[PDB]
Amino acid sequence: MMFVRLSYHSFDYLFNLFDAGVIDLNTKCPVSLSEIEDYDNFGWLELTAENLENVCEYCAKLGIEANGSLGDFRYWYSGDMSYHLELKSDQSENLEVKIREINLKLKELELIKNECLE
């Protein structure tokens, strides 16, 4: 079962605060670290053949871009570094194929935004 998690993280220099957590990929509601008890197990979404598209589309809305990996780097960061996406396999599957798929889609979505400037 492959999964996907979307994290947020930033630093507020005014308050000297690290502000991180997970965005629930169903409700799209952010959940801070303070409210998360077992972090490594929290906020994952089962990645399916149908929801892949929807996950990539929402990540593109946050400015998450293809990661340039030809290999097994399973992380995608937003341009402002406020968010990132993470892919995992709970049975040690070779993720190269899903990473390729995600990168193609994110890169397609980035070029549609560039084009949609008319």
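One-based numbering along the sequence shown.
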message = Quick check on the record: does 72-80 or 26-34 carry the larger mean Cα temperature factor?
response = 26-34
ask   = Per the PDB entry, which option out of 87, 49, 66, 60 has the greatest Cα B factor?
value = 49
inquiry  = Where does the C-alpha B-factor of residue 10 rank in its chain, lowest, middle or highest third?
reply    = middle
task = Give the position of residue 111 by CA B-factor within its chain, expressed as the lowest, middle or highest third.
result = middle
task = Quick one: classify residue 104 as lowest, middle or highest third of the chain based on its Cα B-factor.
result = lowest
